[PDB]
Amino acid sequence: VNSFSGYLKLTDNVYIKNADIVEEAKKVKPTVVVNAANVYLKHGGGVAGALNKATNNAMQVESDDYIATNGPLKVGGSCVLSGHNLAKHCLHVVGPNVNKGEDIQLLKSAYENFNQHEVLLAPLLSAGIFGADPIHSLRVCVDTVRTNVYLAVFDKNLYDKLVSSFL
Ligand SMILES: O=C(O)Cc1noc2ccccc12
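As stated in the entry header, the method of structure determination is X-ray crystallography and the reported resolution is 1.0500 Å.

Going by the annotation in the PDB entry, the name recorded for the protein chain is Non-structural protein 3, with Severe acute respiratory syndrome coronavirus 2 given as the source organism. As recorded in the PDB, the entry bears the title "PanDDA analysis group deposition -- Crystal structure of SARS-CoV-2 NSP3 macrodomain in complex with ZINC000000161692".

As structure tokens, then:
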């Protein structure tokens, strides 16, 4: 038994809810929140801009130190940093950005990072401002992630569409 409430169960391990991921993290304080990061950890908008704003820019300060030491992530890769006031940890995961012409096949690699964590609160990777088809992102999530994932869909009509079209 964990602290997540109100989710629709899609599979043995994947759950979904229409939610603002910033408000859900603040309420639950999960072990792991996933950020929809870019390779530079520049948290300007979408999930990253919203998560970073909720940390009063502390996420960006920590991220800039990480990049100054390590250089950029890979598309499909991740790093674990502080969750600040939102979570114990933040798993910054880079899905491909369709708008940058990045290979959609890297979405599966991105979701494989979730398997290193028993339970996660997450967005649909490459959805929203990343430009991928969110229905595809949910299919890759279900077919890739084996650990327990609680998905936060920001858009209502998208949430209702994801549910109603789920195989
Ligand atoms: O609903 C999401 O979580 C991201 C998203 N994916 O696609 C959308 C379209 C409009 C607004 C938001 C979105």
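Along its length, the protein chain carries 6 helices and 7 strands. In sequence order, the secondary structure elements of the protein chain are arranged as β-β-α-β-α-α-β-β-α-β-α-β-α. In summary, the protein chain has a C-alpha radius of gyration of 15 Å against a globular reference of 15 Å for 167 residues, a match within 12%. Considering only C-alpha atoms, the protein chain reaches an extent of 45 × 35 × 25 Å along its principal axes. Taking all contacts inside the protein chain whose residues are at least 6 apart in sequence as the whole, residues at least 24 apart take part in 67%.

Turning our eyes to something else, we now look at the site of the ligand. In the vicinity of the ligand, the contacting residues are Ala127, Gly128, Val153, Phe154, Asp155 and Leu158. Taking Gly128, its main chain carries an N or O atom lying 3.0 Å from a nitrogen atom of the ligand. Taking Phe154, its main chain carries an N or O atom lying 2.7 Å from an oxygen atom of the ligand. For the ligand, the accessible surface in isolation is 320 Å², of which the surrounding protein chains cover 62%. In the shell around the ligand, the residues fall into 4 nonpolar, 1 polar and 1 charged.

With that settled, the discussion passes to the environment of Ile104. By the secondary structure assignment, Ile104 is in the loop between β5 (89-93) and α4 (106-112). The exposure class assigned to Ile104 is partly exposed, which follows from its relative accessible area of 32%. For the pair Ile104 and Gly76, spaced 28 residues apart in sequence, the C-alpha to C-alpha distance is 9.8 Å.

Helix α6 (residues 156-164) packs onto helix α5 (residues 134-144) with a crossing angle of 50° between their chain directions and a minimal axis gap of 10 Å. When the axis of α5 is compared with that of α6, the two are oblique. Note on packing geometry: the crossing formed by α5 with α6 is right-handed. Facing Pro134, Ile135 and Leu138 of α5, the residues of α6 in contact are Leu158, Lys161 and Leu162. Of the residues assigned to the contact of α5 with α6, the class counts are 5 nonpolar, no polar and 1 charged.

In this section: the pairing of strand β3 (residues 32-36). A large share of β3 lies buried, amounting to 5 of its 5 residues. Every second residue of β3 is oriented toward a common face, with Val32, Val34 and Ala36 on one face and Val33 and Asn35 on the other, all of them buried. Of the strand pairs in this sheet, β3 and β5 are connected by 5 bridges, and their pairing is parallel. Its bridge partner being in β5, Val33 is matched across the sheet by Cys90.

The subject of this paragraph is the nonpolar core. Residues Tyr111, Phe114 and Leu151 are the most contacted members of the largest nonpolar core, which totals 27 residues. Going through the elements one at a time, β2 (14-18), β3, β5, α4, β6 (119-122), α5, β7 (148-153) and α6 are the ones with two or more residues in this core. Top contributing element to this core by residue count: α5, with 4 residues. With sequence-adjacent residues up to four places away left out, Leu151 is seen in contact with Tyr7, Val14, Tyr15, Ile16, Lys17, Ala122, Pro123, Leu124, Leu138 and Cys141.

Let's shift gears to the packing of aromatic side chains. Using the criterion set out here, one finds 5 aromatic pairs in the structure. The interplanar angle of 90° and the centroid separation of 5.7 Å between the aromatic rings of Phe4 and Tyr7 together place this pair among those described as edge-to-face. For the pair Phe4 and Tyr7, one class covers both residues: buried. With centroids separated by 4.7 Å and ring planes inclined at 10°, the aromatic side chains of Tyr15 and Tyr150 adopt a geometry described as stacked. Taken together, the positions of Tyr15 in strand β2 and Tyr150 in strand β7 put the pair 135 residues apart, joining distant regions of the chain.

Thresholds, definitions, all that
- Residues numbered from 1 in each chain as written, not as in the entry; some residues may be left out.
- Heavy atoms only, no water.
- Residues with missing side-chain atoms left out of burial classes, pairs and counts.
- Helix = DSSP H or I, 4+ residues; strand = E, 2+ residues; numbered from the N terminus.
- Rg over C-alpha atoms; globule rule 2.2 N^0.38 Å.
- Contact = heavy atoms within 4.5 Å.
- Near = heavy atom within 4 Å.
- Polar contact = N/O pair within 3.5 Å; in protein donor to acceptor, adjacent residues only side chain to side chain.
- Areas by Shrake-Rupley, 256 points an atom, 1.4 Å probe, with all protein chains shown as cover.
- Nonpolar A, V, L, I, M, F, W, Y, C, P; charged D, E, K, R; others polar.
- Buried < 20%, exposed > 50% of the residue type's maximum accessible area, 1.4 Å probe, protein only.
- Axes fitted to C-alpha atoms, helices over the stretch in contact; angles between N-to-C directions.
- Parallel < 35°, antiparallel > 145°, perpendicular 65-115°, else oblique.
- Left-handed = near helix turned anticlockwise from the far one by under 90°.
- Pairing = 2+ DSSP bridges.
- Core = buried A, V, L, I, M, F, W, Y, C linked by side-chain atoms within 4.5 Å.
- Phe/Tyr/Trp six-rings, centres within 6.5 Å; stacked < 30°, edge-to-face > 60°.

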